[PDB]
J.: 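Can you keep this structure in mind? I'll have questions shortly.
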There are 2 protein chains.
Amino acid sequence: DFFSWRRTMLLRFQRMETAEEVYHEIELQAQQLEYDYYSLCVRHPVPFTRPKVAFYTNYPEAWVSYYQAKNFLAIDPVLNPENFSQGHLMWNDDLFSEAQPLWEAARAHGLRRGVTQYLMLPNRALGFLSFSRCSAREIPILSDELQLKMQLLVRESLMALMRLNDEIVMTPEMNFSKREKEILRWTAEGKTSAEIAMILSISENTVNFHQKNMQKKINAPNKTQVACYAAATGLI
Amino acid sequence: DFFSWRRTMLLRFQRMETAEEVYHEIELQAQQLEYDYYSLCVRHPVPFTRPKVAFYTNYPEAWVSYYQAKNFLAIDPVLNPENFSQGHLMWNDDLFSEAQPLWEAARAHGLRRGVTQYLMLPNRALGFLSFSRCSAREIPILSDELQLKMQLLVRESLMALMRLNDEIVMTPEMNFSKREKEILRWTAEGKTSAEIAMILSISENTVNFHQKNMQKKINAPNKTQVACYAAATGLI
Ligand SMILES: [Cl-]
Ligand SMILES: [Cl-]
Ligand SMILES: [Cl-]
Ligand SMILES: [Cl-]
């Protein structure tokens, strides 16, 4: 019964107090669905220029280390939201036609089958939950059931990890005052210091004071980086 | 059976060819759940300074017109994601303690009960689907069922409307070239024209050429507004 399954899982992820409890539960759930491995990968919205990818997996260390050394991240189709439908992606051979080194390496080490579910988080990070299996044998599972179950697992695990302030999911902290945020908003709209001073009935010195403090807080070189980081993560 | 309900609804929203077909189906679904009214509201990510709110409802015109004239949008708690749990919000009296003019106006015109479901879209717009009822009488409905059904309805209606390029959900168009986007990314990271010229092995003239074309395309006063709009909507 899905309604009861769902009821239990929300409560289990609600009550978790550590990252390892989240990872252990995902491992157990993968196992119940008859999967050998999981990986949880998060493409952060920033830096814009080389976005951070953070992960946690039970794949053997040699495989992860190999995936990293071959730069399979650049070709990995399982981490591209454009090829998901309804947040869901059952792996097939066609998926890997532009990622043949990855497909060959994976099949040579014993991987046969897998599935990925994804979600965009409130901070605009993209979370991907993959399950994989070394067995090519048909397991009977309702497509709808698997989809809905992984929908919850990817959301709750990453919501728990967000609540637990985990490095895998957290974007740079921008503890900005109300007034700083207000000035930032006018900045993002293309207003100059002079125009913002008129809008808010303050001096340019005051505007630039606030700009400077926000730059200082996050170690930014200018207001553009502050506004863009704020805009990207939804702080603004 | 939820699995079959879900199967039919995905197909119905997939096959829709107009906005009215989407709205008509939401109206019918509200009615099946025993609701009198629906409203579909979308808080756009931009402009940052007065974010656009676009809506479609079957509420009487006099009510909408009244809600607008009283500026109930400023106090409306049903459109604040901070008070949702799992994207879901069953209306209660406590919800409106800081929105008493709205609650009094609504109850005086005959509203008694309602529910809201929300979703953040790929473009960072926030979509809210509300159902409401003039009857205070207990309807028997499984909380889990109602939650999961509205989860699909809010997603599919707004995904259909995104596919149909509807004004309710679409953010400003930024048809930017690969090279324009690349320069934009370095801009959002805090790089100057000179630094970008060195990074990409081009002249400052070339960099500024591209900046200008992007400014011209969307009618922006400077690169900051272009980068922030791009960053906010996820174009970057
Ligand atoms: Cl989709
Ligand atoms: Cl095979
Ligand atoms: Cl939540
Ligand atoms: Cl009552």
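The figures here come from the full heavy-atom set of this structure, side chains too, leaving out hydrogens, waters and symmetry mates. Naming convention: chains lettered A, B, ... in sequence-line order (proteins, then strands); numbering from 1 in each chain.
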J.: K181(A) and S177(A): side chain to side chain contact (heavy atoms under 4.5 Å, CB included), yes or no, with the steps?
T.: CA-CA 6 Å; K181(A) 292 188 235 224; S177(A) 74; over 6 Å; no
J.: Indicate yes or no: at least one non-hydrogen side-chain atom of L40(A) is less than 4.5 angstrom from one of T57(A).
T.: no
J.: Just wondering, do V169(B) and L121(B) contact through their side chains at under 4.5 Å, heavy atoms?
T.: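 With C-beta onward as the side chain, the pair touches.
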J.: Below 3.5 Å, can you tabulate the donor-acceptor pairs from side chains in residues 112-120 of chain A to any protein atom, sequence neighbours excluded?
T.:
{"residue": "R112(A)", "atom": "NH1", "partner": "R107(A)", "partner atom": "O", "Å": "2.7"}
{"residue": "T116(A)", "atom": "OG1", "partner": "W91(A)", "partner atom": "NE1", "Å": "2.8"}
{"residue": "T116(A)", "atom": "OG1", "partner": "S130(A)", "partner atom": "OG", "Å": "2.8"}
{"residue": "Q117(A)", "atom": "OE1", "partner": "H88(A)", "partner atom": "ND1", "Å": "2.8"}
{"residue": "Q117(A)", "atom": "NE2", "partner": "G87(A)", "partner atom": "O", "Å": "3.4"}

J.: Under 4.5 Å between any side-chain heavy atoms of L10(B) and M159(B), yes or no?
T.: no
J.: Show the nearest heavy-atom pair for residues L79(A) and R43(A), with the distance to one decimal.
T.: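 Looking at all heavy atoms of both residues, the shortest contact is O-NH1, 2.8 Å.
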J.: Residues two or more places apart in sequence or in another chain: which of them pass salt bridge (charged side-chain N to carboxylate O under 4.0 Å, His left out) with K223(A)?
T.: none
J.: Got a sec: does the CD of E167(B) have more than 12 other heavy atoms crowding it under 6.0 Å?
T.: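 It does not: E167(B) CD has 12 such atoms or fewer within range.
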J.: About how many Å separate CE of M90(A) and CZ of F84(A), when rounded to the nearest 0.5 Å?
T.: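 Answer for the CZ-CE pair, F84(A) versus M90(A), is 12.0 Å.
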J.: Minimum heavy-atom separation for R124(A) and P122(A), please, with both atom names.
T.: NH1-O, 2.8 Å
J.: Just jot down the salt bridge (charged side-chain N to carboxylate O under 4.0 Å, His left out) partners of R15(A), sequence neighbours excluded, or say none.
T.: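 For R15(A), the residues satisfying salt bridge (charged side-chain N to carboxylate O under 4.0 Å, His left out) (neighbours in sequence not counted) are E21(A).
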J.: Scan the side chains in residues 225-236 of chain B for donor-acceptor partners under 3.5 Å anywhere in the protein, sequence neighbours excluded, and list what turns up.
T.:
{"residue": "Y229(B)", "atom": "OH", "partner": "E189(A)", "partner atom": "OE1", "Å": "2.7"}
{"residue": "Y229(B)", "atom": "OH", "partner": "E189(A)", "partner atom": "OE2", "Å": "3.4"}
{"residue": "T233(B)", "atom": "OG1", "partner": "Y229(B)", "partner atom": "O", "Å": "2.8"}

J.: Can you see which heavy atom on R133(B) is nearest to which on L33(B), and at what distance?
T.: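 Heavy atoms only, the tightest pair is NH1-O, 3.8 Å.
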J.: Report yes or no: do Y38(B) and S132(B) form a side-chain donor-acceptor pair below 3.5 Å?
T.: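 Absent: no donor and acceptor within the cut-off.
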J.: Quick one: pull up NE2 in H44(B) and CE in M170(B) and give me the separation to the nearest 0.5 Å.
T.: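 Result: 8.5 Å between the selected atoms.
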J.: Rounded to the nearest 0.5 Å, what's the gap from CD on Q151(A) to CG on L146(A)? Could you check?
T.: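 The CG atom of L146(A) is 10.5 Å from CD of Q151(A), to the nearest 0.5 Å.
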J.: Under the side chain to side chain contact (heavy atoms under 4.5 Å, CB included) criterion, do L164(A) and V22(A) qualify, and how do the steps go?
T.: CA-CA 10 Å; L164(A) 301 172; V22(A) 177; 4.2 Å; yes
J.: Does a sphere of radius 6.0 Å around CD in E138(A) hold more than 12 heavy atoms from other residues, nucleotides or ligands, not counting ones at 6.0 Å or beyond?
T.: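 Count not over threshold, so no.
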J.: State, with a plain yes or no, whether a side-chain heavy atom of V53(B) is found less than 4.5 Å away from one of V42(B).
T.: no
J.: To the nearest 0.5 Å, what is the distance between CZ on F176(B) and CG on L184(B)?
T.: 6.5 Å
J.: Which heavy atom in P77(A) sits nearest to a heavy atom in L89(A), and how many Å separate them?
T.: O-CD2, 4.2 Å
J.: Which pairs, with at least one residue in residues 24-38 of chain B and sequence neighbours excluded, count as a salt bridge (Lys or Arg N to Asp or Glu O under 4.0 Å)?
T.: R12(B)-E25(B)
J.: Minimum heavy-atom separation for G127(B) to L158(B), with atom names?
T.: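 Minimum heavy-atom contact is CA-CD1, 3.6 Å.
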J.: Can you sort out the partners of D76(A) under salt bridge (charged side-chain N to carboxylate O under 4.0 Å, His left out), two or more places apart, ordered by chain and number?
T.: none
J.: Taking the side chain as every heavy atom from C-beta outward, state whether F128(B) and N80(B) have any pair of such atoms under 4.5 Å apart.
T.: no
J.: Return each pair, listed once, that meets salt bridge (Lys or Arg N to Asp or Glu O under 4.0 Å) where at least one residue sits in residues 141-153 of chain B; pairs must be two or more places apart or across chains.
T.: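 Non-adjacent pairs meeting salt bridge (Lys or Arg N to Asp or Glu O under 4.0 Å): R7(A)-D144(B), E145(B)-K149(B).
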J.: With a 4.5 Å limit on heavy-atom distance, are the side chains of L161(B) and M16(B) in contact?
T.: no
J.: Is there a side-chain contact between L126(B) and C41(B), using heavy atoms and a 4.5 Å cut-off?
T.: no
J.: Hey, could you give me each pair passing side-chain hydrogen bond (donor to acceptor under 3.5 Å, both in side chains) that has a residue in residues 152-161 of chain B? Not counting sequence neighbours.
T.: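 Every pair satisfying side-chain hydrogen bond (donor to acceptor under 3.5 Å, both in side chains) with a residue in residues 152-161 of chain B: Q86(A)-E156(B).
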J.: What distance separates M214(A) CE from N175(A) CG, expressed to the nearest 0.5 Å?
T.: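 Between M214(A) CE and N175(A) CG, I get 13.0 Å after rounding to 0.5 Å.
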J.: Between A125(B) and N123(B), which heavy-atom pair has the shortest distance, and what is it?
T.: N-OD1, 3.0 Å
J.: Which pairs count as ring-ring contact (aromatic ring centres under 6.0 Å, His included) when at least one residue sits in residues 12-34 of chain B, sequence neighbours excluded?
T.: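 Counting only pairs at least two positions apart or across chains, the ring-ring contact (aromatic ring centres under 6.0 Å, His included) contacts touching residues 12-34 of chain B are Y23(B)-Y56(B).
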J.: Does the ring center of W63(B) lie less than 6.0 Å from the ring center of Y37(B)?
T.: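 So the answer is yes for these two rings.
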J.: Mind jotting down which residue pairs meet the ring-ring contact (aromatic ring centres under 6.0 Å, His included) criterion with at least one end in residues 130-154 of chain A? Sequence neighbours excluded, please.
T.: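 Counting only pairs at least two positions apart or across chains, the ring-ring contact (aromatic ring centres under 6.0 Å, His included) contacts touching residues 130-154 of chain A are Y35(A)-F131(A).
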J.: Go through the steps to decide whether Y67(A) and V64(A) satisfy the test side chain to side chain contact (heavy atoms under 4.5 Å, CB included), and finish with yes or no.
T.: CA-CA 5 Å; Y67(A) 181 110; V64(A) 170; 5.7 Å; no
J.: Count the heavy atoms of every other residue, nucleotide or ligand shown that sit under 6.0 Å from NZ of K178(A), and state whether that count exceeds 12.
T.: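 No, because the 6.0 Å sphere around NZ of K178(A) holds 12 heavy atoms or fewer from other groups.
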J.: Could I get the full list of side-chain hydrogen bond (donor to acceptor under 3.5 Å, both in side chains) partners for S97(B), not counting sequence neighbours?
T.: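 Here no residue qualifies.
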J.: Could you grab the distance from atom CZ of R6(B) to atom CG of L11(B), nearest 0.5 Å is fine?
T.: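 It comes to 10.5 Å.
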J.: So for atom CD, which belongs to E61(A), do other residues, nucleotides or ligands contribute more than 12 heavy atoms lying within a distance under 6.0 Å?
T.: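 Counting neighbours around CD of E61(A), 12 or fewer heavy atoms of other residues, nucleotides or ligands fall under 6.0 Å, so no.
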J.: Check whether any side-chain heavy atom of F2(B) lies under 4.5 Å from a side-chain heavy atom of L148(A), and answer yes or no.
T.: yes
J.: Considering residues at least two apart in sequence or located in another chain, which fulfil the salt bridge (charged side-chain N to carboxylate O under 4.0 Å, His left out) criterion with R179(A)?
T.: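 So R179(A) forms a salt bridge (charged side-chain N to carboxylate O under 4.0 Å, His left out) with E182(A).
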